[PDB]
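Contents: one structure, followed by commentary.
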Amino acid sequence: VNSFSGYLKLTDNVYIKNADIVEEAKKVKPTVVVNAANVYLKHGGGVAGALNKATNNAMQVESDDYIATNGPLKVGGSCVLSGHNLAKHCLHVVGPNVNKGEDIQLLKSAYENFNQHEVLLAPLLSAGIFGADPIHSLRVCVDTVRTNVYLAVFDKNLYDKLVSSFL
Ligand SMILES: COc1cc(Cn2cnc(N)c3ncnc2-3)on1
């Protein structure tokens, strides 16, 4: 048993809810919250800016030190950093950004990072402002992630369609 409430069960291991990932993280304090990161860990908007704002910019301060030491992530890659006041850990995962021209095939690689964690609270990778179709992102998630993932979908209308079209 765990603390996640009101999720629809899609598969053995994937659950979904219409919710802001920030409000869910603040209420649940999960072991792992996933950030929809970019390779520079510049958290300006979308899930990254919302999460970073909720940490009072501590996520960005920590991220800038990570980049100064290690250099940028890969598209499809990830790093584990603090979850600050939201979670124990934040898994920063870089899905491909269609609005920058990146290979959508890298979305599977991105979701493979989730398999290193038994339970995660996550957004739909590469969806929202990253330009991919969230229906596609959900399908790749279900077909790639084997650990237990609780997906928070901010947008009510896209959430309604993601459920109603799920195969
Ligand atoms: C346009 O539709 C969208 C966009 C997104 C991405 N996203 C953005 N900011 C949030 N605070 C989220 N929490 C869950 N997902 C979040 O979700 N649905």
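Per PDB author numbering, the sequence shown runs over residues 3 to 169.
From the three backbone atoms N, C-alpha and C, an ideal C-beta is built for every residue, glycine too.
For residue 1, which residues of its own chain have a beta-carbon under 7 Å away from its beta-carbon, when the five flanking residues on both sides are left out?
Nothing about residue 1 can be read from this structure; the chain reaches only from 3 to 169.
For residue 137, verify whether its CB is less than 8 Å away from any heavy atom of ligand 1.
no
Alpha carbon to alpha carbon, how far is residue 62 from residue 55?
9 Å
Run the proximity test for residue 23: is its beta-carbon closer than 8 Å to any non-hydrogen atom belonging to ligand 1?
yes
Compute the minimum distance between the beta carbon of residue 39 and the heavy atoms of ligand 1, and state whether it is under 8 Å.
no
Please give me, in chain order, every unbroken run of the alpha helix (DSSP H) with length at least 4 that falls completely inside the segment 65-152.
108-114, 136-146
Among the candidates 120, 132, 74, whose CA atom is the shortest distance from the CA of residue 3?
120
Answer yes or no: do residue 112 and residue 127 have a C-beta to C-beta separation smaller than 9 Å?
yes
With DSSP run on the structure shown, which of helix, strand or coil describes residue 41?
coil
Under a three-way DSSP split, which group does residue 154 fall into?
strand
Counting only the same chain and skipping the five closest in sequence on each side, list residues whose C-beta sits under 7 Å from that of residue 20.
155, 158, 161
Quick check: residue 85 and residue 139, are their CB atoms within less than 9 Å of each other?
no
With respect to the beta strand (DSSP E) encompassing residue 20, which residues constitute its N-terminal and C-terminal limits?
16-20
8 Å contact criterion, which residue 104 and residue 77 should meet: CB distance rounded:
5 Å
Which first and last residues belong to the alpha helix (DSSP H) in which residue 47 is found?
That residue, residue 47, is in no alpha helix (DSSP H); it is neither H nor E in DSSP.
From residue 52 to residue 24, what distance separates their C-alpha atoms?
Their backbone Cα atoms lie some 7 Å apart in a straight line.
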